[PDB]
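Residues 24 to 226, 231 to 675 (full-length UniProt numbering) make up the sequence shown, in order.
Idealized CB from N, CA, C, for every residue including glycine.
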Amino acid sequence: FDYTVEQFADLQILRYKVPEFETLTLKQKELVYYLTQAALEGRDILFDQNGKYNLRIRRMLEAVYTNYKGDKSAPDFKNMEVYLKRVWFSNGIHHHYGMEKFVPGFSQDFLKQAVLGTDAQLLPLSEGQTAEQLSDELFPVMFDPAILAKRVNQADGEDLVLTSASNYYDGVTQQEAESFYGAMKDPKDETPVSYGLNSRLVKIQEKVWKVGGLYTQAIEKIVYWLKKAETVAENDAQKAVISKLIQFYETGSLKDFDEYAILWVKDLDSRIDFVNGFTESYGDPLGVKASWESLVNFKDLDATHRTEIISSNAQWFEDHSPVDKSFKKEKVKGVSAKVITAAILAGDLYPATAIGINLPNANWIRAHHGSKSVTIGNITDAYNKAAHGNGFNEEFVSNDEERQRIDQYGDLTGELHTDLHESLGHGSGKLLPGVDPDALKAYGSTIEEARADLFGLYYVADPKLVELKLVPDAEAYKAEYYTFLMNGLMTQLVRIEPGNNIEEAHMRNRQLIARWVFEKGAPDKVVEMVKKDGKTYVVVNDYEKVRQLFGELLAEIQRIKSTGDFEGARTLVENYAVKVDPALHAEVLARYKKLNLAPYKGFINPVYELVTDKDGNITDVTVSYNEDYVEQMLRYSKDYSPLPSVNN
Ligand code: NA
Ligand SMILES: [Zn+2]
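If you want it as structure tokens, here you go:
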């Protein structure tokens, strides 16, 4: 199985497996199939939400690209291909992370001639429009750096509604938009609708995304496949979820959306689950309108059971903690996050995706009905598997014994450390009476993540995990110990710009732990940093002493948090967690850049096929992985692209 697909620009395309899909019942596979069809129909929505020109630009380049009769080896065509591949990845013409508009690496004269050489019937022309007129419209949008420069602008002194290229507002100023929703809100409402979540605000009124409204060509298709899924629901709770979601798309009512989210949160038992709707509001500079996304999934039973083994032993880990007894909870309950297996990704989860989903967003629904927080095990596993043999550990790990141990156990003990951090680490320990939870002020997040990390590091090495059948042998933890220390002392510097220091809380907490252990172990050479041929390597000489030092730092940090010791917190962060050595930074960056590893990853989907008999009865559902990036993007643009090119 090849987890890697291709690499271009600053992007690497991966694939993921869908483990145990074939173990589902046929009726379950059929439900997954329909839900995945409902997911794939939404792609055009996101393109249009990200920019009123995006579908025209995508479709124009697609028509040029697939019908090009010229020299495909020439630099202009190769650069146009890279640009189109970035547009597919980013669901528009802006960087999916940085928000800045792409710079075409090809000439306007080249594109003009390629466009004129394409059959006009294949171009996204409005009725009566010519190819020259389409070019006059779109070329400034693509080529002029001053036009629509940022998809989301967060700069002062500017009308962000007018200086953001996303397409949630049209012909309306920022103050008009902020005031529209400031006035709509009702502060007396204990169960408020999510005002403005599902509409374009235009001139002042809302154009709601719904059947018979804006984007209806795609929403009608989503609803069609959801109605199919409704007929094969696993149980009545899940069926009620699907039925209400259909109603939300048919009416556009935000009260229906709240009703759906309540039913969704109550559907906790079903093997299969999904998201399909206007969900997260990061694409709006005002944080009101939500981009469309979908995910279809089923519970990873083995992985969930493993996290439940950790959760059910919360009290054992608490009792045996190295922290002072006065900081220990007498009764602690562990909460396990379920692990899900993603069957397909779409919209703002595709191709750049998440490793966890925590929904719904409405705080009152979360407070009074609950929530679903899950991690996506097969996406995490694909990230991990794709990295094996990529040259990174070959370049940076001190010796072949470590490289082999990490290759064998690194993925397992890494995920176990995460499970310990997330399911028990933050929940462990208590403050003393009268201590302010905010006593550590700006250092609180760094110290709190260090605390959870140390809890996980201290216990991933415990023989208890062998007894509990979570690790296959007592040596495995050394893989996680080595990579944690290598990352925290040295190799995370690849994320720091030249001349800068450590700023982000997790990066700080990792350097804090590693540098502290390094300092305290130095008289015994517990950890060394050694140079060979001018390259630095982290060398770990006594893993047992590292465990004891992790435990000692855990006790000190627990003390700092539970007593509100701001000066102690500040001393640890400022002395260990911030300063970057310039020589080490440059050395690590030069070694890393030679590896040609792309900084951003995204995934292509598998392909599902419905097998039916003569009379249309389903006889099987198969999943296949033999499609690459170009193929899948073109197939989606051909078969799952129901929106008109202009959505006004
Ligand atoms: Na050694
Ligand atoms: Zn955390």
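Q. Taking the alpha carbon of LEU624 as the point to measure from, which residue in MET207, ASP551, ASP67, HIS415 has its own alpha carbon closest?
A. In the sequence shown, counting from the first residue as 1, residue 624 sits at position 597. Nearest of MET207, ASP551, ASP67, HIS415 to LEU624, Cα basis: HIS415.
Q: Using only alpha-carbon positions, find the residue among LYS606, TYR509, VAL544 that is nearest to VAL565.
A: One-based indexing of the sequence shown puts residue 565 at position 538. The option with the nearest alpha carbon to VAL565 is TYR509.
Q: Reducing DSSP to helix, strand and coil, say where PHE344 ends up.
A: Counting from 1 along the sequence shown, the entry for residue 344 is found at position 317. Of the three classes helix, strand and coil, the one that applies to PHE344 here is helix, per DSSP.
**Q.** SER270 - DSSP class collapsed to helix/strand/coil
**A.** As a working mapping, residue 270 is identified with position 243 in the sequence shown. Helix at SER270.
Q. Would the beta-carbon of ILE170 fall within 8 Å of that of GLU199?
A. The residue given as residue 170 occupies position 147 in the sequence shown. The residue given as residue 199 occupies position 176 in the sequence shown. Taking 8 Å as the Cβ cut-off, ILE170 and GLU199 do not qualify as a contacting pair.
**Q.** Any non-hydrogen atom of ligand 1 within 7 Å of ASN527 CB
**A.** By 1-based counting over the sequence shown, the position of residue 527 is 500. Every heavy atom of ligand 1 is 7 Å or more from the Cβ of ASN527, so no.
Q: Kindly indicate the opening and closing residues of the beta strand (DSSP E) around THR27.
A: Translated into positions along the sequence shown, residue 27 becomes position 4. 27 to 31 is the extent of the beta strand (DSSP E) around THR27.
Q: Counting only the same chain and skipping the five closest in sequence on each side, list residues whose C-beta sits under 8 Å from that of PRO127.
A: On the sequence shown, residue 127 is found 104 positions in, with the first residue counted as 1. Excluding positions up to five away in sequence, the list reads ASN102, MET103, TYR106, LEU134, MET165, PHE166.
Q.
Only counting the same chain, and skipping five residues up and downstream in sequence, which positions put a Cβ closer than 6 Å to that of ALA488?
A. If you number the sequence shown from 1, residue 488 lands on position 461. Here the set comprises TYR504, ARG574.
Q. Where do the ends of the beta strand (DSSP E) carrying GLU233 lie?
A. By one-based count along the sequence shown, residue 233 stands at place 206. Its beta strand (DSSP E) spans residues 232 to 235.
Q: Closer than 7 Å by C-beta to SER338: which residues in its own chain qualify, once you throw out the five before and the five after it? Chain order, please.
A: Indexing the sequence shown from 1 puts residue 338 at position 311. Hits under 7 Å: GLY361, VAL362, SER363, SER450.
Q) Can you tell me whether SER668 is buried or exposed, with buried defined as 16 or more other CB within 10 angstroms of its CB? A) Residue numbering aside, residue 668 sits at position 641 when the sequence shown is read from its first letter. Buried.
Q) Between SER217 and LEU313, which are expected to be in contact by the criterion C-beta below 8 Å, what is the C-beta distance as a whole number of angstroms? A) In the sequence shown, the residue the question calls residue 217 occupies position 194. In the sequence shown, the residue the question calls residue 313 occupies position 286. With 8 Å as the limit, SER217 and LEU313 do not qualify as a contact, their Cβ atoms being about 13 Å apart.
**Q.** Burial state of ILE36, where buried means 16 or more other Cβ atoms lie within 10 Å
**A.** Residue 36 sits at position 13 when you count from the first residue of the sequence shown. Counting Cβ neighbours within 10 Å, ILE36 comes out buried, since at least 16 surround it.
Q. Where in the region 497 to 546 do unbroken runs of the alpha helix (DSSP H), each at least 4 residues long, occur, reported from the N-terminal end onward?
A. 504 to 516
Q: For ligand 2, enumerate in chain order all residues having a CB closer than 7 Å to any of its heavy atoms.
A: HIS448, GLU449, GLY452, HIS453, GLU476, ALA479
Q | Under 8 Å between C-beta atoms of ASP434 and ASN411 | A | Here residue 434 corresponds to residue number 407 of the sequence shown, with the count starting at 1. Here residue 411 corresponds to residue number 384 of the sequence shown, with the count starting at 1. No; because the gap between Cβ atoms is not below 8 Å, this pair is not in contact.
(Q) Let me check one thing: in DSSP terms, what residues is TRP252 bridge-paired to? (A) The residue given as residue 252 occupies position 225 in the sequence shown. Per DSSP, none; premise fails for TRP252.
Q) Cβ-heavy atom distance between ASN420 and ligand 1 below 7 Å? A) Position 393 of the sequence shown, counting from 1, holds the residue named residue 420. Not so, every heavy atom of ligand 1 lies at least 7 Å from the Cβ.
Q) Could you give the distance in angstroms between the alpha-carbon of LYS552 and the alpha-carbon of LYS559? A) What you label residue 552 is simply residue 525 of the sequence shown in a count that begins at 1. What you label residue 559 is simply residue 532 of the sequence shown in a count that begins at 1. Taking the straight line from one Cα to the other gives about 17 Å.
**Q.** For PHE593, the residue or residues it bridges with in DSSP
**A.** Taking the first residue of the sequence shown as position 1, residue 593 is located at position 566. Answer by DSSP bridge pairing: none, since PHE593 is not bridged.
Q.
What does the Cβ neighbour count give for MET122, buried or exposed, with the cut at 16 atoms within 10 Å?
A. Locating residue 122 in the sequence shown gives position 99, where the first residue counts as 1. The residue is buried, with at least 16 neighbouring Cβ atoms inside 10 Å.
Q. Does the region 441 to 459 come close enough to the region 512 to 522 that 3 or more CB-CB pairs lie under 8 Å?
A. no
Q) How is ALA414 classed by DSSP in three states: helix, strand or coil? A) One-based indexing of the sequence shown puts residue 414 at position 387. Looking at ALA414 - three-state DSSP - the assignment turns out to be helix.
Q. Are the C-beta atoms of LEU161 and some chain C residue less than 8 Å apart?
A. The displayed structure is made up of one protein chain only, and chain C is not part of it.
Q. Which ranges would you report for the beta strand (DSSP E) in the region 37 to 115 if only whole runs of at least 3 residues count?
A. none
(Q) On the criterion of 16 or more Cβ atoms from any shown chain inside 10 Å, does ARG109 qualify as buried, or is it exposed? (A) Counting from one through the sequence shown, the residue named residue 109 turns up at place 86. It is buried - the Cβ of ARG109 has at least 16 other Cβ atoms within 10 Å.
Q.
Quick check: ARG535 and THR473, are their CB atoms within less than 8 Å of each other?
A. If you number the sequence shown from 1, residue 535 lands on position 508. If you number the sequence shown from 1, residue 473 lands on position 446. In contact: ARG535 and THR473 (Cβ atoms closer than 8 Å).
Q: May I ask which residues mark the beginning and end of the beta strand (DSSP E) holding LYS558?
A: For the purposes of this step, residue 558 is taken as the residue at position 531 of the sequence shown. Run containing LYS558: 554 to 559, per the beta strand (DSSP E) assignment.
Q) Apart from the five residues on each side of it in sequence, which residues of its chain come closer than 7 Å, Cβ to Cβ, to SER270? A) Within the sequence shown, numbered from 1, the residue matching residue 270 stands at position 243. So the qualifying residues of the chain are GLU257.
Q.
Closest to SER318 by C-alpha separation, out of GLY397, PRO499, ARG393, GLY115, would be which residue?
A. On the sequence shown, position 291 is the one that residue 318 refers to. Of the listed residues, the one whose Cα sits closest to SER318 is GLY115.
Q) Leaving out the 5 sequence neighbours to the left and right, which residues in its chain are closer than 6 Å to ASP300 when beta-carbon positions are compared? A) Counted from its first residue, the sequence shown places residue 300 at position 273. Cβ within range, chain order: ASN324.
Q. Considering only the beta carbon of each residue, do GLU261 and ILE645 sit closer than 8 Å?
A. Along the sequence shown, one-based indexing puts residue 261 at 234. Along the sequence shown, one-based indexing puts residue 645 at 618. No, they are not a contact pair.
Q. How would you label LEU220, buried or exposed, when you count the other beta carbons within 10 angstroms and need 16 or more for buried?
A. The sequence position of residue 220 within the sequence shown is 197, counting from 1. Flag for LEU220 reads buried.
Q: With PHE133 as the anchor, note down where its alpha helix (DSSP H) starts and where it stops.
A: Working through the sequence shown from its first residue, we reach residue 133 at position 110. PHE133 -> alpha helix (DSSP H) spans 131 to 139.
Q: Tell me whether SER348 is buried or exposed, calling it buried when 16 or more other Cβ atoms sit within 10 Å of its Cβ.
A: One-based indexing of the sequence shown puts residue 348 at position 321. Answer is buried; the Cβ neighbour count reaches 16.
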